[PDB]
Every structure is written in C-alpha cells, then in structure tokens.
C-alpha cells in the first residue's frame, strides 16, 4: 500500500487540485522545478505516496489533469507549480460541457474518456503497490461532475480491488447561483453512493459562511474559499504523507471509518480558522468539534458521530491530547453512538502546516450530514417539479427516469442516516 494516483477534473477540480500540489510540495521541501530543498529526512520518508522519482532525483506529482474546456490547461501551467506537472498527463478536449452533467457523462465527456484511461494505466503500471485513487472535482458543473463520475465508474471496472477516494465540492447559491447545479449534484451523488469508497464533502455553503461570518470577508472569492480547502486537504492527507506510529493508508481508513457501505460521506473540519495574508490543546479540541469549523454546512450537535478521526499537528504533549480527547467524549457523550465502542481515533504528527505552530484536522462520519443532502434535495425537487431546463439533459441522450432514480437514491440515503441517528444500544 504505497502509491496514490491523483486525478483532477474540470475547473473546480483543477483549481483545488493545483493548490493541493502547491501546499503539500511546500510541506515536503519541493520547489516548482521539482527539486528537494528540505531540512528534515521525515519529508522524504513517504514522498513516493504522491510523487514519482525521476532522473536527476526530480519529484514529479502522480497527477493526471483533465477538462473538456481547453483554457483550464493554460491556467494550471501559469501558476507557481505549473511546470512541475508531467506534460503528457494533460488530457484536454476542445469543447467544454456548459454546466451540463449529461454533456460530461454521455456525449462530449465520453469521447475523451478512453484517452484519460490510457494515462491512468501508464501511471498505475509504473507503481510498486497501488493503494488507489484520489479525485478532485465539483458536483455543480458538467465536466468534474458528469465526466468525473464516468471516470470513477470506468476506473472501478478496471481496478476493482483498489480504493476510490474523492474530494467533492458541493454547490451553494451563495457562491454560484446557477439553478442547474442541484440537478448536476443530485445526479453525481447517485453515482458517488455506489462507486466510491470514501468521499470528503467540501461544501461551498460552509466555505462561504466561514469567510463571511467568522473571517469577516464581506466579498469572498474562489481564492478565499480555496484557502480553507487546501488546509483541509493538507490536514486529511497528513497521515498518508508522514511516517508516525500508524502506517495509515486509504483502506485502513475505510475499514475503520465506514460501518455501512453507502454512508461514506465525511464531514471534515479544521482548526484554527485563518484568512489569507493574515493556541493550546484544550482550545484546539473544542474548535475542532465546533459547527463553525466544519467544512460541510451541518450542525454536528443535530446528529450523532458514527466514527471520528482527528489529527493534531505540531509539537505538543501526547498525554494532554489523549486527556482532552477523552474529556470531549465525556461532556459531549450524547453526540456519539454507543453501539460502536472506541469510535474516536487520534494521531499526532510532528510536522505542522505552513504558518501554524499547532493545528487539528477533524474527519467525521456524522449522521448530521443528512442536512447537506436534504438542502440539495429540496432544491432539486423545486426545479424538477417544474421540469425547468429538463430538455438540456434529455436532448443529450438522458432518460427522465435517471432524474427520478437519482432523487429516489438521495432521499433513501437521508433515511439511512436518520435510521442510525435514532438507533439505541439497548
């Protein structure tokens, strides 16, 4: 269990994906040219999980970059770490998908799907022991959502025994008021429930709410929202990238975090919350469990934690962390299911992220996530009831029964969360 093949699809997928490579390269001592300028030998111990070793001892990201729109490729290369990507790993079509899930999944997206798979095969065969895959995408557009899910199902057919993990960005009218986004997101959730082992739910609603109400940015931009996303992605991948006592991988996280196959949607959290260009263990435990620090717009105190994983990064007493973790489970006991004993796991990493002396990353599988699913469901139903813009989908080959089926699956998912929230250990 070593290498991860990362794939980034569509505009949101590529933008969040580029920021991830930039941030984790800085933590690992890697520069935009691909050279290692680090001071700690702990920065190269698990470098092969995300990087390929190349001639001259150069470190090339095991990343594949895909979009139906060509202009995206130019914005990736013009960034700070733009030239670090493999020039052959860019698969870019000619015509975008114009926020149409059907375009991404059935027509324009399906033409460019065998090309992406050729690149996936090449990176996968060059791996000593492939762990699985990591996909970054939005659910609101057409390429990341429609083509992204198609890519997932295709990869799932070729590599069934490997883990499929996604960083999936949920829509919010607060960031993008494009009324077809609940359609796109609902269609994609229907695919994610079946075809991924673990999904990090990154909600644009929560990201906007943090920037506006907590960070005091009255006009938040993509840069501002992506600053919270990059810190979350850095935190949740800490244990895949740094040795530690645990030898953590994607499958060990799946076995321990996911008790029922469909309930694999995680609510990530981060502390401290900070803005661009601008703490003790007890405070960091508190903040990490506060609804205002969650990356999904759900109150954890409205539901129950099935499983939790928390990563404290920086120099601190492990006994103090153990003490505070047990303390948070005592006073907040009614928010944890009592039928899954010892369901809170903690790791401590010596290497902290950039700009912070201490940090804590929270990964929760909470029944409160049904709030996020219900919000999108209510919007999908308001649109679907009036059959607004339905022809834009059915004209691409889609059947109106796929909408009915997607809505039916997502409501069944909400009922399943409610079921375990009301379950008792008797």
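For clarity, a rigid core is taken as the largest C-alpha set superposing within 1.5 Å between two forms. Residue numbers count along the first chain shown, from 1.
Greater C-alpha displacement in 8 other deposited structures of this protein (rigid core superposition, RMS over structures and residues), of 150-158 versus 173-181: 173-181. Per-stretch RMS Cα distance to the displayed form in 8 other deposited structures of this protein, following rigid core alignment, is highest for 1-9 when 1-9 and 415-423 are compared. For residue 145, the record comparison shows coordinates present in all the other entries of this protein that model its neighbours, with no third of them leaving it out. Compared with other deposited structures of the same protein, residue 278 meets the criterion of being unmodelled in at least one third of those that resolve residues on both sides. According to the entry, the stretch of the deposited sequence that connects residue 278 to residue 279 contains 4 to 9 residues lacking coordinates, which leaves a gap of moderate length in the model. For the two regions 291-299 and 67-75, the entry's Cα B-factors average higher over 67-75. If you average the C-alpha B-factors over 116-124 and over 232-240, the higher value belongs to 116-124.
Note on 143, 329, 199, 131: the highest value goes to 329, judged by CA B factor as recorded.
Take 226, 99, 324, 186 and read off each C-alpha B-factor from the entry; 324 has the highest. Residue 357: CA B factor lies in the highest third for its chain, per the PDB record. Among the modelled residues of its chain, residue 49 has a C-alpha B-factor that falls in the middle third according to the deposited record. Per the deposited record, the Cα B-factor of residue 315 falls in the highest third when ranked against the other modelled residues of its chain. When the modelled residues of the chain are ordered by C-alpha B-factor, residue 249 sits in the middle third. Among the modelled residues of the chain, residue 266 sits in the lowest third by CA temperature factor in this PDB entry.
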